[PDB]
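Taking it in order: structure first as structure tokens, then the write-up.
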Amino acid sequence: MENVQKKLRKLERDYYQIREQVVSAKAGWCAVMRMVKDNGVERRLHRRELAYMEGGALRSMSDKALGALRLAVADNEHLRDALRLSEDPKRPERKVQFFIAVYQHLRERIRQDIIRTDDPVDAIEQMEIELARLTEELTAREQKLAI
Amino acid sequence: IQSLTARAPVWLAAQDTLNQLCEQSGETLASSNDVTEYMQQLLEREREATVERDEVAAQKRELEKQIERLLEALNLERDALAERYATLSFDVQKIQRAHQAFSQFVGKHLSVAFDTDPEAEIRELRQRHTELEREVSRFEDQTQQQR
Amino acid sequence: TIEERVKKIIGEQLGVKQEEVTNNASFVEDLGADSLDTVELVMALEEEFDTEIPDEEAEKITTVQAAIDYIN
Amino acid sequence: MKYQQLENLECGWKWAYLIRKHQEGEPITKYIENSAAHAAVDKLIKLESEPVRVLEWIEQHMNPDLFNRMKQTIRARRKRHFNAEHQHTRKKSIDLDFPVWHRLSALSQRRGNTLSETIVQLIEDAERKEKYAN
Amino acid sequence: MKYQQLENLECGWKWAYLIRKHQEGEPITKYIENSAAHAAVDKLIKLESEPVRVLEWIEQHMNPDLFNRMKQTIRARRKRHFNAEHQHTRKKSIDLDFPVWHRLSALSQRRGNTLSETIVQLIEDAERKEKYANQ
DNA sequence: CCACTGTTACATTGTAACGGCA
DNA sequence: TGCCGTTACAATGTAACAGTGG
Ligand SMILES: *P(=O)(O)OCC(C)(C)[C@@H](O)C(=O)NCCC(=O)NCCS
């Protein structure tokens, strides 16, 4: 029975390790949850469809998205730097910051003179309107130049 | 729960696009009959807009030729026609884009659209696992003591 | 004093600040922490004080004040 | 294979490692003539943001003698990157005075244990002696 | 001061530190303007073979942030350079698993002594057991 | 007081040597 | 054998504490 007591002690130390894991995880979650509440988590990040997918596939999906972002963000330099920093696995919050750093940047370059939608996802429609208008202007300009 | 869990991811993704698609429109989709009704509203809007788009295009071409032969009043009208033509041009594009999403939405997700949330059942059934566990303990206790 | 532990940890586990919690309120509904969050809070309290709290006693911490009542 | 390998991550690791080595003066390329080496290094520098082509660059121009060092560096990077997620799998680095380290390594070699195992055993024996006395 | 300060060595150390920091991308300069920063870095590069002028370049263009890190790194480098002479003054680097290091650090903080002293005490108790077994 | 120096406890990255396994 | 995890270092950079003298 003393061996069973020692086994219980082993179980208790394993429990101690698991509890430390969980409490540290929540301590980390605190700030990321506080910052993501700027509409980030409402529907964008929390793709609840993925709640039933093993981390093995999620890692590959994030890796593929990172590969695409490398090419996409080549022109920008501050966004490139933020993406570079966001690869550390011991500073999770940085990833969310990058998302914010995108939207904020995507909000600065809106050229709000003729656009209003703060959310860039809805700025695509106004951009398409702008391209149509500019194509008509291009036709008019070409005719004037010819004459 | 093993069956329901396998059902959660497909259902969950299907409704998430619906809500995103719902946000793209001014109405709420909660039935197959409603979807067809809104789709026809979408299609009829499409036919009307192209008729008006063609109408304004006829007006623009006539005014463009009038200016070509030659004035400011003609330029002012042409600019107004370009503004109206652009405004109606995007309307046809958006309505066509909205229909395409609806067609794809019904092509793929119509099998599980507007269905019961399997997460709720999984939550309830899993809650029965624990409440069943009490029956395990309170019948294990009886056999431990009475013996 | 020693309560600074609890009134600190609570916030660190719920996203609220030290003074946000009110003794009259309840964690379950008046702080926004759901079942999982309250389990995490009680278990973090268990970790901090290097002690144990069974399920029955642990379930009696739904109110803010209780977190200190069993401690002191 | 214990840790899954991700291409867009390990390729960035390899590019960074090669750029670091080049900045340190190490000969990255197999070309003794300086012109070809400079051309290959420029190709690598402008090759940023590409896994599928940095792999080919390594296959084509990489110095033969650096393959083993790069492979083991990437091995260590992968293991550390995956282990740094949880506290218990991390490693704590300390500096020990040479006499103390000499004695500890003597014990570890004598008993066949590692430094971590040796310290665990020593602490456990100290605790057992405490309990004996107490 | 226990370690002799050598000017022509520490100046080279400082110059190398500045160059490493710059090539790593950090803003060693105190200038926000791009042109002045580039000119200052170029002058520092020219100062490669004149470590003596590096002190003046530091006082003229060094970022105010880096003084503490500078005084830390060169101080540590001096200590290490002078200790490397003899083995018995050297340091050995080892890696410890989190549980083992946690227990060891808790024990050391309990006894109020450094890690090497705690390891000495543990190995000395083990060696005392071995000695009394030997006698 | 204040600054400068010595020391310890980490982190960060790289490398060589073992040993397991297809 | 060649890849892959793992250990035990080396070299350098930093933060924090303890001393020392101006
Ligand atoms: P709620 O929807 O936040 O879910 C809470 C939970 C079921 C995930 C779980 O954290 C919980 O609160 N369980 C109750 C305690 C329990 O089940 N203990 C089992 C000990 S073996």
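Residue numbering restarts at 1 in every chain; chains get A, B, ... in the order shown in the structure tokens, and ligands count up from 1 in that same order.
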
Could the residues that lie within 9 Å of ligand 1, counting only C-alpha atoms (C1' of nucleotides) and all ligand atoms, be listed as a PyMOL selection string? (chain B and resi 123+126-127+130) or (chain C and resi 33-40+55+59)

Compile a residue-level contact table for chain E against chain A at a cut-off of 12 Å, reporting for every qualifying residue the shortest atom pair and its distance in Å to one decimal, with only C-alpha atoms counted, rows ordered by chain and ascending number, as CSV.
residue,atom,partner,partner_atom,distance
E:25,CA,A:81,CA,11.3
E:98,CA,A:17,CA,10.7
E:99,CA,A:17,CA,9.1
E:102,CA,A:17,CA,11.7

Let's have the selection written as a PDB file, in the first residue's frame, with C-alpha atoms.
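For reference, again.pdb as written:
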ATOM      1  CA  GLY E  25      19.529  46.901 -37.500  1.00  0.00           C
ATOM      2  CA  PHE E  98      12.618  23.276 -15.812  1.00  0.00           C
ATOM      3  CA  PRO E  99      11.684  21.014 -12.854  1.00  0.00           C
ATOM      4  CA  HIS E 102      13.008  25.087 -10.247  1.00  0.00           C
TER       5      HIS E 102
END

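For the pair CA of residue 55 in chain A and CA of residue 96 in chain E, the interatomic distance is 27.9 Å.
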
With only C-alpha atoms considered, list every residue of chain D at most 7 Å from chain A, as a list in words. residues 6, 8, 9, 49, 81, 84 and 85 of chain D

For the residues in the current selection, export C-alpha atoms as an mmCIF file, in the first residue's frame.
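Once written, again.cif looks like this:
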data_model
loop_
_atom_site.group_PDB
_atom_site.id
_atom_site.type_symbol
_atom_site.label_atom_id
_atom_site.label_comp_id
_atom_site.auth_asym_id
_atom_site.auth_seq_id
_atom_site.Cartn_x
_atom_site.Cartn_y
_atom_site.Cartn_z
ATOM 1 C CA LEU D 6 6.845 23.367 -41.538
ATOM 2 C CA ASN D 8 7.540 28.275 -44.653
ATOM 3 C CA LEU D 9 9.178 28.366 -41.202
ATOM 4 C CA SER D 49 10.313 35.662 -48.891
ATOM 5 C CA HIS D 81 11.011 26.279 -31.157
ATOM 6 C CA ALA D 84 9.499 26.789 -25.933
ATOM 7 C CA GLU D 85 5.684 26.665 -25.899
#

I'd like to know which residues of chain C are helix (DSSP H, G or I) (by DSSP, run on the backbone); could you write them as a PyMOL selection string? chain C and resi 3-14+27-30+35-48+55-58+66-69

Within 12 Å of residue 21 in chain D using only C-alpha atoms (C1' of nucleotides), minus same-chain residues under 2 positions, as a list in words: residues 14, 15, 16, 17, 18, 19, 23, 24, 25, 26, 27, 28, 29, 41, 62, 63, 66, 69 and 70 of chain D; 14 of chain F

Output N, CA, C and O atoms (P, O5', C5', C4', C3', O3' and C1' of nucleotides) for every residue in the selection just made, as a PDB file, in the first residue's frame.
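Saved result, selection-v3.pdb, follows:
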ATOM      1  N   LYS D  14      16.465  28.862 -42.553  1.00  0.00           N
ATOM      2  CA  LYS D  14      17.652  28.607 -43.362  1.00  0.00           C
ATOM      3  C   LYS D  14      18.150  29.881 -44.030  1.00  0.00           C
ATOM      4  O   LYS D  14      19.359  30.132 -44.083  1.00  0.00           O
ATOM      5  N   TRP D  15      17.234  30.690 -44.561  1.00  0.00           N
ATOM      6  CA  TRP D  15      17.637  31.948 -45.179  1.00  0.00           C
ATOM      7  C   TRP D  15      18.324  32.852 -44.165  1.00  0.00           C
ATOM      8  O   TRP D  15      19.375  33.440 -44.447  1.00  0.00           O
ATOM      9  N   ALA D  16      17.746  32.968 -42.967  1.00  0.00           N
ATOM     10  CA  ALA D  16      18.354  33.803 -41.938  1.00  0.00           C
ATOM     11  C   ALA D  16      19.722  33.269 -41.538  1.00  0.00           C
ATOM     12  O   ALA D  16      20.664  34.043 -41.339  1.00  0.00           O
ATOM     13  N   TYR D  17      19.850  31.949 -41.410  1.00  0.00           N
ATOM     14  CA  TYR D  17      21.128  31.355 -41.039  1.00  0.00           C
ATOM     15  C   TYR D  17      22.192  31.639 -42.089  1.00  0.00           C
ATOM     16  O   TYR D  17      23.325  32.007 -41.758  1.00  0.00           O
ATOM     17  N   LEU D  18      21.843  31.474 -43.365  1.00  0.00           N
ATOM     18  CA  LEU D  18      22.811  31.711 -44.429  1.00  0.00           C
ATOM     19  C   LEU D  18      23.201  33.181 -44.501  1.00  0.00           C
ATOM     20  O   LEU D  18      24.374  33.506 -44.711  1.00  0.00           O
ATOM     21  N   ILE D  19      22.239  34.086 -44.322  1.00  0.00           N
ATOM     22  CA  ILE D  19      22.564  35.510 -44.331  1.00  0.00           C
ATOM     23  C   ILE D  19      23.472  35.855 -43.159  1.00  0.00           C
ATOM     24  O   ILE D  19      24.418  36.639 -43.298  1.00  0.00           O
ATOM     25  N   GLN D  23      27.216  37.405 -43.496  1.00  0.00           N
ATOM     26  CA  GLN D  23      27.618  38.629 -42.814  1.00  0.00           C
ATOM     27  C   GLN D  23      28.796  38.382 -41.884  1.00  0.00           C
ATOM     28  O   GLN D  23      29.577  39.302 -41.614  1.00  0.00           O
ATOM     29  N   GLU D  24      28.943  37.157 -41.385  1.00  0.00           N
ATOM     30  CA  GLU D  24      30.059  36.826 -40.510  1.00  0.00           C
ATOM     31  C   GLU D  24      31.346  36.529 -41.270  1.00  0.00           C
ATOM     32  O   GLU D  24      32.391  36.358 -40.635  1.00  0.00           O
ATOM     33  N   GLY D  25      31.301  36.464 -42.599  1.00  0.00           N
ATOM     34  CA  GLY D  25      32.467  36.169 -43.404  1.00  0.00           C
ATOM     35  C   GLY D  25      32.587  34.725 -43.842  1.00  0.00           C
ATOM     36  O   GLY D  25      33.458  34.417 -44.663  1.00  0.00           O
ATOM     37  N   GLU D  26      31.744  33.840 -43.327  1.00  0.00           N
ATOM     38  CA  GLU D  26      31.789  32.446 -43.737  1.00  0.00           C
ATOM     39  C   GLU D  26      31.545  32.350 -45.243  1.00  0.00           C
ATOM     40  O   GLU D  26      30.693  33.069 -45.778  1.00  0.00           O
ATOM     41  N   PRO D  27      32.272  31.485 -45.965  1.00  0.00           N
ATOM     42  CA  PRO D  27      31.963  31.297 -47.389  1.00  0.00           C
ATOM     43  C   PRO D  27      30.721  30.446 -47.601  1.00  0.00           C
ATOM     44  O   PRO D  27      30.754  29.223 -47.436  1.00  0.00           O
ATOM     45  N   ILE D  28      29.618  31.095 -47.977  1.00  0.00           N
ATOM     46  CA  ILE D  28      28.352  30.386 -48.137  1.00  0.00           C
ATOM     47  C   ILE D  28      28.391  29.488 -49.363  1.00  0.00           C
ATOM     48  O   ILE D  28      27.849  28.376 -49.353  1.00  0.00           O
ATOM     49  N   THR D  29      29.011  29.956 -50.437  1.00  0.00           N
ATOM     50  CA  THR D  29      28.938  29.304 -51.733  1.00  0.00           C
ATOM     51  C   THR D  29      30.185  28.471 -52.000  1.00  0.00           C
ATOM     52  O   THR D  29      31.221  28.622 -51.349  1.00  0.00           O
ATOM     53  N   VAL D  41      25.442  35.128 -53.713  1.00  0.00           N
ATOM     54  CA  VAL D  41      25.004  35.775 -52.482  1.00  0.00           C
ATOM     55  C   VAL D  41      23.949  36.829 -52.781  1.00  0.00           C
ATOM     56  O   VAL D  41      22.995  37.003 -52.017  1.00  0.00           O
ATOM     57  N   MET D  62      24.920  25.852 -52.482  1.00  0.00           N
ATOM     58  CA  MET D  62      25.343  25.788 -51.090  1.00  0.00           C
ATOM     59  C   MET D  62      26.728  25.162 -50.981  1.00  0.00           C
ATOM     60  O   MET D  62      27.051  24.203 -51.688  1.00  0.00           O
ATOM     61  N   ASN D  63      27.546  25.707 -50.090  1.00  0.00           N
ATOM     62  CA  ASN D  63      28.871  25.151 -49.855  1.00  0.00           C
ATOM     63  C   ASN D  63      28.735  23.715 -49.352  1.00  0.00           C
ATOM     64  O   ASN D  63      27.965  23.463 -48.416  1.00  0.00           O
ATOM     65  N   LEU D  66      29.274  22.980 -45.367  1.00  0.00           N
ATOM     66  CA  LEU D  66      28.390  23.581 -44.380  1.00  0.00           C
ATOM     67  C   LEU D  66      27.064  22.846 -44.249  1.00  0.00           C
ATOM     68  O   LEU D  66      26.243  23.221 -43.404  1.00  0.00           O
ATOM     69  N   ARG D  69      26.570  21.278 -40.663  1.00  0.00           N
ATOM     70  CA  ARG D  69      26.377  22.293 -39.636  1.00  0.00           C
ATOM     71  C   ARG D  69      25.003  22.931 -39.755  1.00  0.00           C
ATOM     72  O   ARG D  69      24.310  23.120 -38.749  1.00  0.00           O
ATOM     73  N   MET D  70      24.583  23.257 -40.978  1.00  0.00           N
ATOM     74  CA  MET D  70      23.257  23.832 -41.158  1.00  0.00           C
ATOM     75  C   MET D  70      22.173  22.847 -40.745  1.00  0.00           C
ATOM     76  O   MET D  70      21.180  23.234 -40.119  1.00  0.00           O
TER      77      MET D  70
ATOM     78  P    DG F  14      21.826  30.261 -35.273  1.00  0.00           P
ATOM     79  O5'  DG F  14      23.171  29.482 -34.919  1.00  0.00           O
ATOM     80  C5'  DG F  14      24.339  30.215 -34.604  1.00  0.00           C
ATOM     81  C4'  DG F  14      25.517  29.294 -34.368  1.00  0.00           C
ATOM     82  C3'  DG F  14      25.495  28.006 -35.175  1.00  0.00           C
ATOM     83  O3'  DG F  14      26.796  27.736 -35.658  1.00  0.00           O
ATOM     84  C1'  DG F  14      25.569  27.483 -32.861  1.00  0.00           C
TER      85       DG F  14
END

Fewer than 4 positions away in the same chain doesn't count, so skip those; otherwise give me all residues within 12 Å of residue 3 in chain E, counting only C-alpha atoms (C1' of nucleotides), as a CSV table (one decimal) with N, CA and C atoms (P, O5', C5', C4', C3', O3' and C1' of nucleotides), in the first residue's frame.
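In the end it all went to around_24.csv:
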chain,number,residue,atom,x,y,z
E,75,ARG,N,32.0,45.8,-19.4
E,75,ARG,CA,32.4,45.4,-18.1
E,75,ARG,C,32.4,43.8,-18.0
E,76,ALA,N,31.3,43.2,-18.5
E,76,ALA,CA,31.3,41.7,-18.4
E,76,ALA,C,32.4,41.1,-19.3
E,77,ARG,N,32.6,41.7,-20.5
E,77,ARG,CA,33.7,41.2,-21.4
E,77,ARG,C,35.0,41.3,-20.7
E,78,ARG,N,35.3,42.4,-20.0
E,78,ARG,CA,36.6,42.6,-19.3
E,78,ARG,C,36.7,41.5,-18.2
E,79,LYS,N,35.7,41.3,-17.4
E,79,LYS,CA,35.7,40.2,-16.4
E,79,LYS,C,36.0,38.9,-17.1
E,80,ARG,N,35.3,38.5,-18.2
E,80,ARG,CA,35.5,37.2,-18.8
E,80,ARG,C,36.9,37.1,-19.4
E,81,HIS,N,37.4,38.2,-20.0
E,81,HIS,CA,38.7,38.1,-20.7
E,81,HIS,C,39.8,37.9,-19.6
E,82,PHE,N,39.7,38.6,-18.5
E,82,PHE,CA,40.7,38.3,-17.4
E,82,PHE,C,40.5,37.0,-16.7
E,83,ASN,N,39.3,36.5,-16.7
E,83,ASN,CA,39.1,35.2,-16.0
E,83,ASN,C,39.5,34.0,-16.9
F,5,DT,P,34.3,52.0,-14.3
F,5,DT,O5',34.8,50.8,-13.3
F,5,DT,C5',33.9,50.4,-12.3
F,5,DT,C4',34.4,49.2,-11.5
F,5,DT,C3',34.6,48.0,-12.4
F,5,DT,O3',35.6,47.1,-11.8
F,5,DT,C1',32.7,47.7,-11.1
F,6,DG,P,35.9,45.7,-12.5
F,6,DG,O5',35.0,44.7,-11.5
F,6,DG,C5',35.3,44.5,-10.2
F,6,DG,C4',34.6,43.4,-9.5
F,6,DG,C3',34.5,42.1,-10.3
F,6,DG,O3',34.7,41.0,-9.4
F,6,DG,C1',32.3,42.8,-10.0

Quick one: residues within 12 Å of range 15-21 of chain F, only C-alpha atoms (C1' of nucleotides) counted, chain neighbours fewer than 4 positions away excluded, as a PyMOL selection string? (chain D and resi 1-2+66+68-76) or (chain G and resi 1-10)
